[PDB]
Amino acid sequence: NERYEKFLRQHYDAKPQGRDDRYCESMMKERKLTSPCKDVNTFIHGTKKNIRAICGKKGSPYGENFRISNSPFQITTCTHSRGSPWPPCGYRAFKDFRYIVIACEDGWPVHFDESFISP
């Protein structure tokens, strides 16, 4: 399932290290989100079984197209240094523990809603 794959590439990291600014710049480059520099991108930590579970019992409908988790997830948000999308993409990290909102397709996560955790 490629759509599921793109999701894990852009939003998943089981065991992170540092979770600081340097973690974001390295990660965004490694996961290919610097062409162009993605504005905001969040990585979810933990296991993958719990993320897909949000598409099942451990989740609830959040509108017509999304699901919200029944429990919080450890997450790291990488925000672009809005200014200079040139090859060097600047980022700063922000660690949080929140309930998340994803989009599911046939039982698999396919999209992460960044605006839900803006506040």
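Position 1 is the first residue in the sequence shown; the rest follow in order.
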Checklist entry - Would 91-99 or 11-19 have the larger average of its C-alpha temperature factors, as given in the entry? => result 11-19
Checklist outcome for this item: Entry B factor averaged over C-alpha atoms, 80-88 against 38-46: higher for 80-88
Checklist entry - When the modelled residues of the chain are sorted by Cα temperature factor, does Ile75 land in the lowest, middle or highest third? => result lowest
Checklist entry - Among the modelled residues of its chain, does the C-alpha B-factor of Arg67 lie in the lowest, middle or highest third? => result middle
